[PDB]
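1. this one's sequence-less:
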Ligand code: CLA
Ligand code: CLA
Ligand SMILES: CCCCCCCCCCCCO[C@@H]1O[C@H](CO)[C@@H](O[C@H]2O[C@H](CO)[C@@H](O)[C@H](O)[C@H]2O)[C@H](O)[C@H]1O
Ligand SMILES: CC1=C(C/C=C(\C)CCC[C@H](C)CCC[C@H](C)CCCC(C)C)C(=O)c2ccccc2C1=O
């Protein structure tokens, strides 16, 4: 389980975790508030 | 088991059932498992054929072999094979399933709890030990088995006379049979027309005679040991008593294939189909007199052809085992 | 025969958190960014990871189970999307009016415009995989039936994942189990392909044929009987096919002509659907199963009868060929790379054969009139078979570098191939220059003659003719085949050879494909470009070990950049670099193959059908006058038919317009990696490393430019990603628009 | 359609003769006739094992299927 924590903390898994979380923010921001060309 | 001069023979796996022939405890466990498997087939395929039963279509042209057997006894049929109740077929087929489960348990009991030899046990389990050498113990086994076989013929007649009543082909109505036959001279005459019986009361009185002869035969084997002349002319070994029984069950299967194919009373045409004619190509097969839709044959044909081919190979199995008992090696040729 | 080792590798996550543990030079952790790239390139190089052949074979066996689990999850996803997010029940009612769709996009940022009107009120991505036509041929009626296949696909993937863990960590087979190739070929011909063909013939006879015969009759899909109802009640099966009343008795008694109502050699296509007759395909799969089970009894096993493949090969010697095939059995039971080179060559050849057979003999209902499905299925199976052919030249060269033992290769077929490499390659060099001059220079000649206003001096059917007379004769023999050389065939094997034009929805299913001067020239273009792709990859295999330039390339490896700038320059001498160059030439070969397919189908096959029987084609027969000239390929194919991919913006096909420009970008992006080189980029990175050292943000993992092989590998990956995504978007937007 | 006939002793006679012709072919040509599982009796089989008995009877059924359907197509049977 300790080595599974290391695999889940590797560079490909963490950048796939972050970019999913980042796309999770941007999709959910553009679903409730779409079409934001300016402020 | 005839192991000739070697007397300690490893039997491998393709002939692996010869290992327990001298082991009395494992001899019970195989045979009760056979009685479990036989009662399971009587239980499952009664309920299988209840589910695959159309009451509009006749039972003969459906591939059903167990429901016509109960219909001849008088269960589930009112007048003409329409089958209006079909609940006592379920109850009889259900009882054999639990009876297979009890016999399935006693097979696993004698495999594991009881030892491979019954001489290890003390009490009445020691007295049930048998070997293929002492003649008195094998007559004790033969005595009680003839008593229950005689009781089965009596409880057939007790069903046929008091509670229930069989089915007659002519004047199609379940009977009660209050006056069966009892004369020995009219029951001796069926050595020439056993297949062409048409009296329901004569079938009961024959079974009264058989159910009393086998009870008297079982009393005779339980009070008298096998005699000297029977010991001289018959080998008492393992696959020699099996050899007489394989030939005994082959002659019974040839008669049962003959009674199924042509008798109209014990196998009524409303349940099984029309009676057959004895044909002979390369083998004596029983053919249908009238044609049937598709390649499906009637229930009487499916019973008589199967039982003749089973009685042929159980006659060949008798010839195989009796040659093994007499001393033919089968590696000599 | 069955010999396994009990628990050779423990199951733990210790090596999960230690990447690069499989390689000795990567277990020390990173020092440069080359470590990250070498981690991925060496991950599946099991022969380089392990010296023991037994442990290499154990890694390969469990990797298949993991790969099969990927395929079942992909197969489960296709059946789940057909069950939950598809108009399959809508399409099954009206196949001629509802378009197949099985992908629904989420409505965000304007991408919900891709959910176009596919008919029946459904909105989604119009699929071109042909899954709907496959499922109608399988007898799929309800969406619950596709859901049950999708659940069982996930169950099979979990059993594939369990078998990979079991056969590596619990009971891993020994090397002698892997090297029993006679038992493996017996169980794969008879048990895998034979029983799979027998099972599918059993499925087609019982499920596919009764459902599709009622679907063609006009029964609504809600009123089709269920597949087990034919199994349970044979009255419905006997109503459709009266031979089922006779049962299995005509099968066992060799009275096989009873079954001729559902086991037909009918040929042609079903006029209701445009697909093959499922009576033909069930009889095809029955005959294939019997021959495959028979062929799976050929090889010697525990019971003495059979063939030893060593004794077959060592018997096949000759006067021209020395010791013959002696030692090829020891090659093909020791080297996994030699086996993979044969299997990739033939699976790649098979996938191309699948592409060329499914357009002209369409096996699925309503597939032939779906011009998008016909174009995509040809193109996808062309491209898949193209990569696998290049991988044959790859692992042929990996075997020659690594697993070629000259001690057991003396005067055999492989040794003698090596002993006349200059004879093979230079004659293959000659035939490529000959075919390039005599196919492409034919195109250059009449491009010039048409530009000079000399149409009489061209290579065309109006001018100097180059008729494909041998292919026209073979086409004529197949038209005359029913009744003369196939007397029990009622129709032809394919209408592409000649005869009837099949119409289904007022739309051409299959038409005679007439081969003229333009079909002569493009077939020699295909003969040219396949030969060059054969030339580069056979030069990679033969000269993997040595050449007159670098005589010790076997010590350098399979995958090395060069042997320096000396001897004039030994740039791209490795066996890997011929795979790198062969990937371009496979792309160049197969792009013309699918462009020949796309134009000849639309100009001369596909189109609408007049009620009197006339055919109005998609591009109105412009192949015979414009596919003889490069400009006609530019104008009447590339410029004309990509109007649908560039005017698709603001419509449901606009993602094809996006992906058309997306593949144009990555093709151009590849030329940064292909044309440049890493000594430029390493000197640029160390200037950027200075700006990171200025801000104290220089990483401990030192930034390096990609290696020379990698810069070729990235460049060939982006070229073939970009060039194929362009053609995929061009083909799919054009063929969805037409019809 | 090619002509096929129902089962008959004529059909059985050709099949047994095709089994016999492959048994004689298998006696002459099989290199390993007794390797692996043997017969219960080695005699009356030419020294064949279980693989050679099943191998020759399968070839005689393949030849049995090929000849019978070939002769029924030509109308000989
Ligand atoms: C009441 C029945 C009976 C009894 C108790 C015995 C007892 C014995 N027999 Mg057998 N024998 C009999 C009947 C009987 N047999 C019959 C009917 C045949 C003629 C075919 C023979 C012929 C025979 C031979 C050929 C041999 C024996 C052998 C044996 C011994 C080993 C058992 C064995 O091999 O099992 C193991 C069981 C199997 C490996 C299973 C085999 C399955 C068969 C081949 C398939 C049959 C399927 C059937 C056709 C389907 C029926 C369908 C249904 C609807 C009717 C055992 C002591 C052996 C012996 O004497 O040496 C010790 C020996 O080699 N017997
Ligand atoms: C526009 C594309 C282009 C052209 C024309 C060439 C040309 C050539 N390639 Mg190719 N190739 C290309 C792109 C191109 N390549 C790219 C993108 C790659 C990098 C991956 C490669 C990599 C490469 C490899 C890896 C291989 C080739 C080989 C060849 C030759 C093919 C056989 C041959 O001689 O055909 C005949 C020549 C032609 C078709 C060229 C056109 C000639 C015209 C029709 C005749 C002109 C007449 C002339 C001008 C009259 C003289 C008058 C005077 C005033 C000049 C040929 C010299 C192969 C080879 O050498 O095989 C033997 C081979 O090994 N190519
Ligand atoms: C005995 C040994 C024989 C060796 C055989 C070697 C191959 C010989 C090839 C013979 C070539 C036949 O010659 C060629 O025949 C075909 C079809 O028959 C004709 O082709 C004709 O039908 C085809 C369709 O099938 C049309 O596409 C074509 O436009 C038309 O002309 C050609 O006009 C003729 O040039
Ligand atoms: C641009 C270029 C470089 C520089 C390229 C480098 C250093 C690689 C840059 C990689 C970046 C950091 C990421 C690239 C994209 C990732 C592979 C995507 C990963 C997925 C993300 C979502 C995380 C070379 O090193 C080179 C070498 C030899 C010939 C040509 C060239 C060449 O053209």
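-> That came through fine. Residues are numbered from 1 along each chain as shown, chains lettered A, B, ... in the order given. Ligands and ions are numbered 1, 2, ... in the order given.

2. Residue 11: how many residues sit nearby?
-> In the absence of a named chain, this looks at chain A. Counted by other Cβ atoms under 10 Å in any protein chain shown, the residues lying close to residue A:11 total 11. Using the backbone N, CA and C atoms, a C-beta is placed for each residue, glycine as well.

3. nope, chain D please
-> Number of residues near residue D:11 (other Cβ under 10 Å) recorded here: 19.

4. With residue B:243 instead?
-> Neighbours of residue B:243 under the rule other Cβ under 10 Å: 24.

5. One more: the one 5 residues further on?
-> The number of residues packed around residue B:248, counting by other Cβ under 10 Å, is 12.

6. Return the list of helices and strands in contact with the helix or strand encompassing it.
-> Secondary structure from DSSP states H and E places residue B:248 in helix B:238-262. When contacts are defined as 3 or more Cβ pairs under 8 Å, 6 or more residues apart in numbering or on different chains; DSSP states H and E, helix B:238-262 packs onto helix B:299-326.

7. quick one, the helix it packs on and helix B:238-262 angle?
-> Computed by axes from the mean of the first three to the mean of the last three Cα atoms, to 10 degrees, the angle separating helix B:299-326 from helix B:238-262 equals 160 degrees.

8. Name the residues of helix B:299-326 that come out as buried.
-> By 16 or more other Cβ atoms under 10 Å in any protein chain shown, the buried positions in helix B:299-326 come out as B:299-305, B:307-308, B:310-312, B:314-315, B:317-318, B:320-322, B:324-325.

9. go on, stretch B:152-161?
-> Here stretch B:152-161 shows B:153, B:154, B:156, B:157, B:158, B:159, B:160, B:161 as buried, counting by 16+ other Cβ under 10 Å.

10. Show me what from chain A comes close to chain D.
-> By Cβ under 8 Å from any Cβ of the partner chain, no part of chain A sits against chain D.

11. Tell me which residue in chain A sits closest to ligand 2.
-> For chain A, the residue closest to ligand 2 is residue A:12, as judged by Cβ to the nearest ligand atom, at 31.2 Å.

12. and that residue, how many neighbours?
-> If you count neighbours by other Cβ under 10 Å, residue A:12 ends up with 11.

13. Checking the strand or helix carrying it against chain C, do any of its residues make contact.
-> According to DSSP H and E, residue A:12 maps onto helix A:11-32. Yes: Helix A:11-32 is in contact with chain C by Cβ under 8 Å from any Cβ, via A:11, A:27, A:30, A:31.

14. and of those residues, the nearest to ligand 4?
-> Ligand 4 lies nearest to residue A:11 out of the residues of helix A:11-32 next to chain C, by Cβ to the nearest ligand atom, at 8.8 Å.

15. what about the residue nearest to that closest one when sequence neighbours are not counted, is that helix, strand or coil?
-> Closest residue to residue A:11 apart from its sequence neighbours, by Cβ to Cβ, 6 or more residues apart in numbering or on different chains: residue C:36 at 7.8 Å. Here residue C:36 is recorded as helix under DSSP: H, G, I helix; E, B strand; the rest coil.

16. Please report phi then psi for whichever residue of chain D sits closest to ligand 1.
-> Nearest to ligand 1 in chain D, going by Cβ to the nearest ligand atom, is residue D:40, at a distance of 7.1 Å. As for residue D:40, its main-chain torsions (degrees, to the nearest 10) stand at phi -60, psi -30.

17. Run a quick neighbour tally on it.
-> Residues near residue D:40, counting by other Cβ under 10 Å, number 10.

18. could you measure it against residue B:12, distance?
-> According to Cβ to Cβ, to the nearest Å, residue D:40 stands 11 Å off from residue B:12.

19. Relative to ligand 1, how far out is the residue of chain A at minimum distance from chain C?
-> Residue nearest to chain C within chain A (Cβ to the nearest Cβ): residue A:6, separated by 2.6 Å. Using Cβ to the nearest ligand atom, to the nearest Å, we find residue A:6 at a distance of 56 Å from ligand 1.

20. ok, now residue C:369?
-> 52 Å.

21. Remind me which helix or strand the residue of chain A closest to chain C belongs to.
-> Here residue A:6 is assigned to helix A:2-8, by DSSP H and E.

22. so residue C:208 makes contact with residue C:278?
-> Yes: using Cβ atoms under 8 Å, residue C:208 is in contact with residue C:278, at 5.2 Å.

23. Looking only at neighbour counts, state which of those two leads.
-> More crowded of residue C:208 and residue C:278, by other Cβ under 10 Å: residue C:278, with 27 against 21.

24. related to what we said a few turns ago, starting at the chain centroid, how far to the helix holding residue B:248?
-> Chain-centre distance of helix B:238-262: 9 Å, with Cα atoms, centre = their mean, to the nearest Å.

25. now swap in stretch C:615-635 and tell me
-> With Cα atoms, centre = their mean, you get 28 Å for stretch C:615-635.

26. Buried residues, it. List them.
-> Residues of stretch C:615-635 classed as buried by neighbour count (16+ other Cβ under 10 Å): C:615, C:617-619, C:622-629, C:632-633.

27. what does stretch C:584-593 give?
-> C:584, C:585, C:586, C:587, C:589, C:590, C:591, C:592, C:593.

28. Not counting sequence-adjacent ones, nearest residue to whichever residue of the stretch 201-333 of chain B sits closest to ligand 2?
-> Closest residue of the stretch 201-333 of chain B to ligand 2, Cβ to the nearest ligand atom: residue B:295 (67.2 Å). Spatial nearest neighbour of residue B:295, chain neighbours left out: residue C:247 (4.9 Å); criterion: Cβ to Cβ, 6+ apart.

29. doesn't the one you found fall inside a strand?
-> No: checked against three-state DSSP, residue C:247 lies outside a strand; its state is coil.
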